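Data first, discussion second: the structure below is written as structure tokens.
Just so you know, all these numbers are worked out from the coordinates, no wet-lab data involved. In this analysis, Cβ positions are derived from the backbone assuming ideal geometry, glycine residues included, and neighbour counts consider all displayed protein chains.
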Amino acid sequence: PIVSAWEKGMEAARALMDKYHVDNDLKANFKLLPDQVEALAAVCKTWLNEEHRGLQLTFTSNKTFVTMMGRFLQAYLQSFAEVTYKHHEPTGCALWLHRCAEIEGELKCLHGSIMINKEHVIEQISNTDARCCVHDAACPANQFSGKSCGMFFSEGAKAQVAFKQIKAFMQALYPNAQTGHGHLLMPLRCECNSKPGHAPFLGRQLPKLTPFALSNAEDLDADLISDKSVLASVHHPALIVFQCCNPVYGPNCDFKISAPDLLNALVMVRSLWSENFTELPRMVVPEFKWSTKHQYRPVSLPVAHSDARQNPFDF
Ligand SMILES: [Zn+2]
Ligand SMILES: [Zn+2]
């Protein structure tokens, strides 16, 4: 082996970084380490500008799309050179066999068990079609137990529409797939937990999963469209959107990417790669498995209710 795995990785990365004009300091300081994603994301950004200036993202931030590209590029780099860093899987993602578009009206959470119907009233809007993790079956809507996977939907039916969207999006891009149509590509890490030794935090332990309506996609005329990808959204006008583990309406971040854009980050990195290497290495995004490590970490604190009385008890 002419040069080590690490030296091989490094030579491929430097080739990329020179070809794409990355900042000199990013280049100088790049050492192929597991948290060094910024120089690779700059490769990706520069290629986007050069080759895909009009790319339209939907419920996705520019920065998150480009960072995910960086992560997927990091993964192919590490596979090319055969370098792995134990406990630092590079993509920060997983493949969830969701089963949320199999049965009509029916959702399943990360545990793989069906979600229970709840009422969720917000203030005043009455959602009669909420869904909770079965472990949260006795909590108020949108409160989570120590056994929760963290998943809740205020509107079950819109959630299912978003899962049908991603499934049809995948059918359109892989019409002949033998496998993977029922899998969701999902991130396991936002900025808050992108490093394995990050400071522990309370709340949800995985990027939040939320369906967003594409409210104008119905005001659209289906007959003019032949692109099956686009048709997935016309027929199912809602997107799965991933945000921070604990998005702010503890740490929190601006991570935001829709499921189709996330898939696109991977597909587009496969194109960047093919313009630079003759073969695409094997690159395995882990299959998601429920484990107790992903449990919501609630803090349930009693709060006193007001009593006009001076004294607690009559004697
Ligand atoms: Zn669950
Ligand atoms: Zn976050």
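What to note about this one:
- Based on the convex hull around the alpha carbon atoms, region 236-315 presents an average projected area of 12.4 nm².
- Charge dipole magnitude, Cβ of K and R +1, D and E -1 - region 92-259, Cα centre, debye nearest 20: 780 debye
- Kirkwood hydrodynamic radius (C-alpha pairs) into Stokes-Einstein, region 102-162, 4 °C and 1.567 mPa s, D in µm²/s: 112 µm²/s
- Per-residue [θ]222 nm for the chain (sum of -39500 (n - 2.57) over DSSP H runs n ≥ 4, rounded to 500): -10000 deg cm²/dmol
- Rh (Kirkwood; distinct C-alpha pairs) - the chain, Å: 21.5 Å
- Shown for region 163-289 is the translational diffusion coefficient from the Stokes-Einstein equation, using the Kirkwood radius over Cα pairs, a temperature of 37 °C and a viscosity of 0.692 mPa s: 197 µm²/s.
- Using only side-chain charges placed at the Cβ, +1 for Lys and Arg and -1 for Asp and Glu, the dipole size of the chain relative to its Cα centre rounds to 860 debye.
- Calculated FRET value between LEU97 and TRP6, using beta carbons and R₀ = 45 Å, to 0.05: 0.85
- The ratio of the alpha-carbon radius of gyration of region 92-259 to the globular-protein estimate 2.2 N^0.38 Å is 1.07.
- Of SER300, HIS236, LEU272, farthest towards positive along the dipole that unit charges on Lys, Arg, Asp, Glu beta carbons give the chain: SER300
- For region 33-108, the equivalent ellipsoid derived from the Cα gyration tensor has semi-axes of 27, 21, 10 Å, listed largest first.
- Entries in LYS31/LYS195; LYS31/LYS293; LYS45/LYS164; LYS108/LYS256; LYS164/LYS289; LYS208/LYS293 that, when Cα-Cα distance is taken, lie over 27 Å: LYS31/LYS293; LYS45/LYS164
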